[PDB]
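Step one of this worksheet: look at the structure below.
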Amino acid sequence: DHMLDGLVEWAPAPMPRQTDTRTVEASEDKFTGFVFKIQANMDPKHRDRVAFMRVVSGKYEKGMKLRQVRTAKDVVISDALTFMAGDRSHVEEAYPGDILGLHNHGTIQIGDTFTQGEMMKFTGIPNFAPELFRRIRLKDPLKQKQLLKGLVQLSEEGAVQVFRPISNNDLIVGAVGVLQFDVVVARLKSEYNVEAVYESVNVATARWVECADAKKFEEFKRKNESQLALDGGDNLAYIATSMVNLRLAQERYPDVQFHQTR
Amino acid sequence: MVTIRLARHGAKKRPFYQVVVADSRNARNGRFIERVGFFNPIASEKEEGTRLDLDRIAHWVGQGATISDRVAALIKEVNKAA
Amino acid sequence: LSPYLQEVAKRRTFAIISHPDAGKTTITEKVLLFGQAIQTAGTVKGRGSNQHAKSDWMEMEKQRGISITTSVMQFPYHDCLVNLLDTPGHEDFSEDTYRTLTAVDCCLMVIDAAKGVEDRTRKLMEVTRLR
Amino acid sequence: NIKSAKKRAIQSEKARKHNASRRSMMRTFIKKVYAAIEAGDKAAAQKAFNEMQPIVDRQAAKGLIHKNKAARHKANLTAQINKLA
Amino acid sequence: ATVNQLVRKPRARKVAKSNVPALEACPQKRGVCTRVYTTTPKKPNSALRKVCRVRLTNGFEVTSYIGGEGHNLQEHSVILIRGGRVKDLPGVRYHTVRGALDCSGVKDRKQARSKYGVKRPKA
Amino acid sequence: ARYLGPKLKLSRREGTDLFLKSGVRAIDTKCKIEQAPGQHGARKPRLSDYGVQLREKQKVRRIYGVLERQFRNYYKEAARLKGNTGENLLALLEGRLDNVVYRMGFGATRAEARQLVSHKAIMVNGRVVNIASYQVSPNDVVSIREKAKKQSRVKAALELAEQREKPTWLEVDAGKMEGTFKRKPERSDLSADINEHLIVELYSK
RNA sequence: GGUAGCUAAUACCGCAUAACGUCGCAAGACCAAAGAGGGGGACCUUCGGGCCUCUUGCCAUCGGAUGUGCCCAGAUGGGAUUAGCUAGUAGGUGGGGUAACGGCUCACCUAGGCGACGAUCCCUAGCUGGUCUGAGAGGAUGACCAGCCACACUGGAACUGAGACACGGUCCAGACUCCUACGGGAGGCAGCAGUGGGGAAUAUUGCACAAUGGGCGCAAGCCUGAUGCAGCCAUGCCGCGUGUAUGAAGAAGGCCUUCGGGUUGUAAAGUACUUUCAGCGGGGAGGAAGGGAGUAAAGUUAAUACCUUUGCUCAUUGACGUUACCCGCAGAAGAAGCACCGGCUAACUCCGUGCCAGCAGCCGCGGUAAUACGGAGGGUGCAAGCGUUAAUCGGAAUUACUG
Ligand SMILES: Nc1nc2c(ncn2[C@@H]2O[C@H](COP(=O)(O)OP(=O)(O)NP(=O)(O)O)[C@@H](O)[C@H]2O)c(=O)[nH]1
Ligand SMILES: [Mg+2]
Ligand SMILES: [Mg+2]
Ligand SMILES: [Mg+2]
Ligand SMILES: [Mg+2]
Ligand SMILES: [Mg+2]
Ligand SMILES: [Mg+2]
Ligand SMILES: [Mg+2]
Ligand SMILES: [Mg+2]
Ligand SMILES: [Mg+2]
Ligand SMILES: [Mg+2]
Ligand SMILES: [Mg+2]
Ligand SMILES: [Mg+2]
Ligand SMILES: [Mg+2]
Ligand SMILES: [Mg+2]
Ligand SMILES: [Mg+2]
Ligand SMILES: [Mg+2]
Ligand SMILES: [Mg+2]
Ligand SMILES: [Mg+2]
Ligand SMILES: [Mg+2]
Ligand SMILES: [Mg+2]
Ligand SMILES: [Mg+2]
Ligand SMILES: [Mg+2]
Ligand SMILES: [Mg+2]
Ligand SMILES: [Mg+2]
Ligand SMILES: [Mg+2]
Ligand SMILES: [Mg+2]
Ligand SMILES: [Mg+2]
Ligand SMILES: [Mg+2]
Ligand SMILES: [Mg+2]
Ligand SMILES: [Mg+2]
Ligand SMILES: [Mg+2]
Ligand SMILES: [Mg+2]
Ligand SMILES: [Mg+2]
Ligand SMILES: [Mg+2]
Ligand SMILES: [Mg+2]
Ligand SMILES: [Mg+2]
Ligand SMILES: [Mg+2]
Ligand SMILES: [Mg+2]
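Heads up: the sequence lines are chains A, B, C, D, E and F, in that order.
The working numbering runs 30 ahead of the 1-based position in the first sequence.
The working numbering runs 41 ahead of the 1-based position in the second sequence.
The working numbering runs 4 ahead of the 1-based position in the third sequence.
The working numbering runs 3 ahead of the 1-based position in the fourth sequence.
The working numbering runs 2 ahead of the 1-based position in the fifth sequence.
The working numbering runs 212 ahead of the 1-based position in the sixth sequence.
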């Protein structure tokens, strides 16, 4: 309780967050949140996802209209969660410094800035790239969605992300650090009664997920397609055997990154 | 309570209402007592656009039948004796 | 002192970090009874202090082993409205914790006085000075 | 069930109550007659009948012994009270 | 014969039975497949035909042909049985769909790749 | 939905000039017409009663640019319509705007007659028409886009149009670049290597 | 929620008054109701408003229209390896009952009622208009649309009310589930959308009441996942484009060749040409009718107020919506796949392989030149589809009434 007294006494009220536009004061009106997390959504009766947003400035109110800066599409809000301790709660209206929940349907990512209009994006949020291994090949001898559905639902979350090549089967997953266990465990918890195990897979990279101008890409999506994959979220990626075979791939050139984006 | 209203039997974007006598308690396109004219909210400036058995309409009204606010705006929009 | 800038100033949103098995989740459960959110309390793994009261480690596997991903909390203490995070200890496991720091204006580090400063304690300070 | 016109319930309930007894006295009155009939006193019979005659015609006008339901009662009563008296 | 007869016992059609009745009369079904063997065809033709016994979704267990050369199938697997018989292997009334569920299509196959389930080999 | 390929390759299999390379000089030739529609073109195809029965209509299709799904429909029409389905079907085939175009020589072949109608370069009794399938009633009057009128292409088209069989059911011009559809083509005023009891025969089982 | 008390109404109840109504052959008995508004000359009394008036509402009786009950007949799946079924059962008399006939109920009385024209009993199944097939007769079927019916967690019951035996009402019981401070409470997506689950497989937790239509209201208006739109999916039907012309002894390359050549093939190149549709940019119908404010009407009135009415004037009324559609800019630019080629069956050769590998709808291909396997060339057929599978009618005069 002292450290709490100390907490209340000394610790900052909502702080300014930086953006590629300006120092955003907490004092301002005009709503300005930024997600930051799409928690390991189980969740008792839904895919939900419910993206966790920070609220930098402005007051949120249930029926208000907001703007997803990234996709540049204006969105009306209604069901906007307030988390009473690892538990969804309906729902109120929020002030700077709180944490608000939404409802991810491939619309939200990580670092997705939401304003009331001001087109700008918060310079924060880390988002780094995975290492690898895997091939969940499942006991339960299938199905097949619930496993996959399970995987393409733990993947619009930030931890891991799957990789499904162009051979329907052969499911690859990659790969926070090495705790590929929550996957197995959420493969028989959350809402999927699958079981699943592992193997070793000839994949160093990771990969890195590409796109730019047409035609050239269709020649790329063809030549080194062996070899090329597609993700939960319907794009994109390669999947290489080593570092040399990674360099030569990009070296096919000159069409784009690198790209990780979680 | 017998009323004379319109049923939406047109098509996406291009409606085609149809005046009819029917117990109010019914579905728009539901059980009706009898067709009694139509109304084309399109048609364009050409040869036609509406039709009413006004001499039947008046028959039904004479039996205690209400009219749609829009059905009315037809009846008399097409005059009556000219 | 308008009803807007008043609500803003009385808020306070923070982390809770440390090295795996330090006290995050426990000190959190205790902070929750100082906020009248939990009328009793519990432990971890639902262990040594009996009663099906663990708790507030969201998930499931957490309650089987020990902690997984940031639970988030809002409660009133004294004259304030606290927003509380619960950051996972483990190298490979998070990530997340880092991204969670992006939502906090300040941060509380728990240290095992039986252990002193451990590895991810040192690594967490580096991440802290970033902001 | 969380839907405003659950007052429609407590409302109906009130009426139920009200009706019940109205309807309840309704019959008990008619009864007196049948009694007089299974008892024989034809004077006492018209006696009861006259006092019920109105109290029935009334509840119909109010709408609980509807329409000819009263007619029936008054009718098939008059039909017996003097069938043998 | 007689009309009066027909009036009596009236003529009755002969209902039909599908050569493939592992149920629902539905386009295909999914099954776990219990064994992957090969056997030998009827009198005239000779070879080692590829077949698989398959526990179906509807509970019927039933053997099925594996068309094309070579397949990935084995121990457990999951496939999508199709229908159409195989007159060389009697008791084999179904074909597992190549290139569906746990089934690999034919490696390098370039003609009528639709069947045998293979994707354009990069034009 | 269009053919899009070796137009002569076709005329060699149907063994007739299908008017696919009309343009400047016509009357096939300069392509080995007949004797090699493929790799074995030399062969002497003794084709079945079906063979011809098909080859007939399968020709007619080509010589207009119509496909099956649509052709099938066309037949259904003529059968429902009273009178020799044979000629009826032809009457529908001739009634095509793409046809009333090339027919009125506003384009080289009927493969060029579409590029225009398809590219809003003609009209009917006024309003522009984009569907290279419009059914041209009687008294209708198609007319090259008043806008894009007389161009490097269509100009040279009228040229040989005037030096062709020249119809009888339509009245063309050259400067007003508009014709009328005066009456539906009779059986007598059109033909060639085309049999009806062969194409209608086909659609019967 | 529980006790006590205070208060209004078009809530509730007598009384009065009653016929063209109910009872009664007649005589005579007996029954109803509500007020609230916008105003306004008199006079105005206890100047609340009484009063005049139009407007809306109440009662009673007889009608109209609608809606619903109730009745009879014929017809409406299979099974005789289901041949008998039935005590309120069949009818009568008499009370009661219902809105109404009735076994609907009960009392007593006859001993009946149904059934091979298939009762009973099993199995299946919502019925129809229709739908697919068929030359027809028929066979198959009843998603979407409209009529009828039935159910709304399972079973049961009544209440309220014109109408329910009530999806988002009530009571009881049953199974389940949720909250609980432990004493007690709460709920039913076969409404929209959405999750789980099952399956070869079936959609977004979208927008709006602007139009049509419904409930309340004098009216504005309010409510309306009905409706109107949108999103997703080639699932289909219907349109359309992926270029149009011209082009050589006819390139390279690929393919066959008795090597002389044939063929892919006007195909490509090259040369001219056109830009629908997409992409960017502009302009912009219809779905809009009504309502909201002022003016006139032998409208009624004591009245130019109020109300209604019909013309008139002004401001205004949309979800789709960066609408449909129109016009420019650019450049062949961005858009072809799939099955098939021994016979039925349109469409052929080389090579490999060798009764292996494998095809196959049926016949049948494969053990050394495979038009049948696999690859390649070429060819045929459909085309944003093409194929396989599944299922129905046809071919099947193969349940034949036609036949
Ligand atoms: N003796 C003692 N043990 C304590 C104390 N606080 C926490 N612990 C122990 O620390 C163990 C870890 O508890 P927990 O709160 O999960 O630690 P953590 O820091 O949250 N772990 P993680 O880093 O995985 O999230 C608990 O099981 C508890 O028994 C304390 O004050 N005293
Ligand atoms: Mg912990
Ligand atoms: Mg009310
Ligand atoms: Mg009686
Ligand atoms: Mg089957
Ligand atoms: Mg053999
Ligand atoms: Mg095969
Ligand atoms: Mg055998
Ligand atoms: Mg080939
Ligand atoms: Mg088409
Ligand atoms: Mg029947
Ligand atoms: Mg029977
Ligand atoms: Mg049923
Ligand atoms: Mg026949
Ligand atoms: Mg039927
Ligand atoms: Mg349905
Ligand atoms: Mg209800
Ligand atoms: Mg419900
Ligand atoms: Mg639903
Ligand atoms: Mg759904
Ligand atoms: Mg509306
Ligand atoms: Mg509401
Ligand atoms: Mg709504
Ligand atoms: Mg050569
Ligand atoms: Mg365009
Ligand atoms: Mg308009
Ligand atoms: Mg108009
Ligand atoms: Mg009016
Ligand atoms: Mg607007
Ligand atoms: Mg525009
Ligand atoms: Mg091609
Ligand atoms: Mg074919
Ligand atoms: Mg054929
Ligand atoms: Mg042939
Ligand atoms: Mg083959
Ligand atoms: Mg077949
Ligand atoms: Mg050979
Ligand atoms: Mg071959
Ligand atoms: Mg037959």
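Ideal Cβ positions, reconstructed from N, Cα and C, are used throughout, including at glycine.
query: Buried or exposed by the 16-neighbour rule on C-beta atoms within 10 Å, applied to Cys28(E); result: exposed
query: Cutoff 6 Å; reference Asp116(C); Cβ partners in own chain excluding five residues on either side; result: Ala26
query: Where the segment 110-124 of chain E meets chain A: residues whose CB sits under 9 Å from a CB there; result: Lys121, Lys124
query: Selection of the segment 77-89 of chain E by Cβ proximity to chain A, strictly under 8 Å; result: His78, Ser79, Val80
query: Unbroken alpha helix (DSSP H) run spanning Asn300(F), endpoints; result: 297-306
query: Contact the segment 266-280 of chain A vs the segment 164-181 of chain A: 3+ CB pairs below 8 Å; result: no
query: Proximity below 9 Å, CB of residue 420(F) to CB of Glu306(F); result: Residue numbering for chain F in the displayed model covers 213 to 417; residue 420(F) lies beyond these limits and cannot be assessed.
query: Under the three-state DSSP convention, the category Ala48(B) falls into; result: coil
query: Of the listed residues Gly263(A), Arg194(A), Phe163(A), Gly141(A), nearest to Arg47(A) (C-alpha basis); result: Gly141(A)
query: Bridge-paired residues (DSSP) for residue 379(A); result: Not covered by the structure: residue 379(A). The range shown for chain A is 31 to 292.
query: Under 9 Å (Cβ pairs) to chain E, residues found in the segment 160-178 of chain A; result: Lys169, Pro171, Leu172, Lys173, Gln174
query: Proximity test, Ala81(A) beta-carbon vs ligand 35 heavy atom, cut-off 8 Å; result: no
query: Local conformation of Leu402(F) per DSSP, three classes; result: coil
query: Within 9 Å, strictly: CB atoms of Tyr287(F) and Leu301(F); result: yes
query: Closer than 7 Å to ligand 5: residues, by C-beta to nearest heavy atom, in chain order; result: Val22(E), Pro23(E), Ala24(E), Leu25(E), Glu26(E), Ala27(E), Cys28(E), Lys31(E), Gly85(E)
query: Rounded C-alpha distance that separates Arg75(D) from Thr81(D); result: 10 Å
query: is_contact[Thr47(C), chain A] using C-beta, thresh 9 Å; result: no
query: Sequence-ordered residues whose beta carbon comes within less than 6 Å of a heavy atom of ligand 6; result: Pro46(E), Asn47(E)
query: Inter-residue Cα distance where the pair is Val312(F) and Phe393(F); result: 8 Å
query: Chain C contact residues for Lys219(A), given Cβ-Cβ distances below 7 Å; result: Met64, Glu65
query: Alpha-carbon to alpha-carbon, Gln69(A) and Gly52(C); result: 29 Å
query: Member of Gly298(F), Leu279(F), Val348(F) whose CA lies at the smallest distance from the CA of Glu408(F); result: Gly298(F)
query: Proximal residues, the segment 28-53 of chain E versus chain A, C-beta separation under 7 Å; result: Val34
query: Interface residues of the segment 47-77 of chain A facing chain E [CB-CB below 8 Å]; result: none
query: Helix, strand or coil at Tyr268(A) [DSSP, three-state]; result: coil
query: Selection of the segment 105-126 of chain C by Cβ proximity to chain A, strictly under 8 Å; result: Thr106, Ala107, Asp109, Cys110, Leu112
query: Start and end residues, alpha helix (DSSP H) containing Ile411(F); result: 408-414
query: Runs of alpha helix (DSSP H) wholly within the segment 88-114 of chain B (minimum 4 residues, chain order); result: 95-102
query: Rounded straight-line distance, which links the Cα of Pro126(A) to that of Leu37(C); result: 24 Å
query: Any non-hydrogen atom of ligand 2 within 8 Å of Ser71(C) CB; result: yes
query: Residue-level contact to chain A via CB, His23(C), 9 Å cutoff; result: no
query: Interface residues of chain A facing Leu25(E) [CB-CB closer than 7 Å]; result: By Cβ distance, chain A contributes nothing, its closest Cβ being about 19 Å from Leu25(E), past 7 Å.
query: Touch test, the segment 55-74 of chain A against the segment 83-92 of chain A, Cβ-Cβ under 8 Å, three pairs minimum; result: yes
query: Chain C contacts made by the segment 75-101 of chain A, where a contact means CB separation under 8 Å; result: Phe82, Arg84, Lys89
query: Of the listed residues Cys110(C), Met113(C), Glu95(C), nearest to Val208(A) (C-alpha basis); result: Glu95(C)
query: is_contact[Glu130(C), chain A] using C-beta, thresh 9 Å; result: no
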